[PDB]
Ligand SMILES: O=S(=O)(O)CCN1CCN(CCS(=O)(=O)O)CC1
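Taking the form deposited without the named molecule, here's one chain by itself in structure tokens.
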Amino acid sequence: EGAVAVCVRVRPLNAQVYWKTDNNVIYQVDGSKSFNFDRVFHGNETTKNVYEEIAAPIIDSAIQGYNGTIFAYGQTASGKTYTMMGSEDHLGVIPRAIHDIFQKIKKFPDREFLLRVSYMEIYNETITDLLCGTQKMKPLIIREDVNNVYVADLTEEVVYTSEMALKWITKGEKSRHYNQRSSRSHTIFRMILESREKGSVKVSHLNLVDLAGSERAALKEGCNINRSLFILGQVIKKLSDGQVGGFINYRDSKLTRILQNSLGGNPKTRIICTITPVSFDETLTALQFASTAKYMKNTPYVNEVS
């Protein structure tokens, strides 16, 4: 199978170091806690390495008509945005995916490709489109179609070049820029890839998700709670325990309902758990989440339509 995979990414130091990594084990220093993952990336490993090992195979699967979802999960300042968006000197998984897709579809001259992108924010259970004007930004509504959840009136932009796809991301990014909001917000970058022979059509949704900071993941109000992250935890816990169907409260948050198909459903899902080794409690919560997520079972197939 290998439909679900989890890795951890330790950020380098910018205070006791509470965590160290020995191969693919993250262990508490002079402590009892340890967690095995399929891959742990150390402070000196690059977003290029993370992209190539974790994301590249999902981009390959997307071009073959599999749904694919990549999440960055972890504490504020742990590396989520560094990993998923990055900068000119060190591109994130999202810009790398876009370059990668446009370079890789050229290896299929037998096939016609149509690509379009959407970019949305979820903040305090409100969905906003990041690609329309600031004027046109309003709370959007999750609806179902003839079969599948969608975000009603979410801009979809056709893109023929990486340059135009990256111009849409830049636009959305200055709109995300528009107090401590981006650390409490989820962002979903989506590419819908359609292809056919140059005639059934392969349709895949590639979702690349930068989550709200897990400090607010999790029974009183000593401090703050993000509903989407709490429900994400709950949904993944229920799936990993072997439950299915109406037991699974996808509808309790915008995030879990939008990405319901990424959590036990039709796609290939990867979680990149980002951690700062100078954090104890927030790192521990993130590694428990990540560890639970390893045992989530997805059933992905090629999406070919009439």
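Start at 1 and count along the sequence shown; that's the residue number.
Only in words, not in the display: the form deposited with the named molecule bound, which the text now covers.
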Though the named molecule is not shown, can you say which of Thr187, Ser118, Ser228, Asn207 has a heavy atom within 4.5 Å of it in the deposited bound form?
-> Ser228
State the residue from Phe113, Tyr150, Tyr123, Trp168 whose non-hydrogen atoms include one within 4.5 Å of the named molecule in the deposited bound form.
-> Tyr123
Going by a heavy atom distance of 4.5 Å, is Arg251 a contact of the named molecule in the deposited bound form?
-> yes
Proximity of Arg39 to the named molecule in the deposited bound form, heavy atoms at 4.5 Å = no
Determine whether any heavy atom of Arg257 comes within 4.5 Å of a heavy atom of the named molecule in the deposited bound form, and answer yes or no.
-> yes
Region of this chain that lies against the named molecule in the deposited bound form, out of 199-207, 125-133, 158-166, 93-101 [heavy atom, 4.5 Å] | 125-133
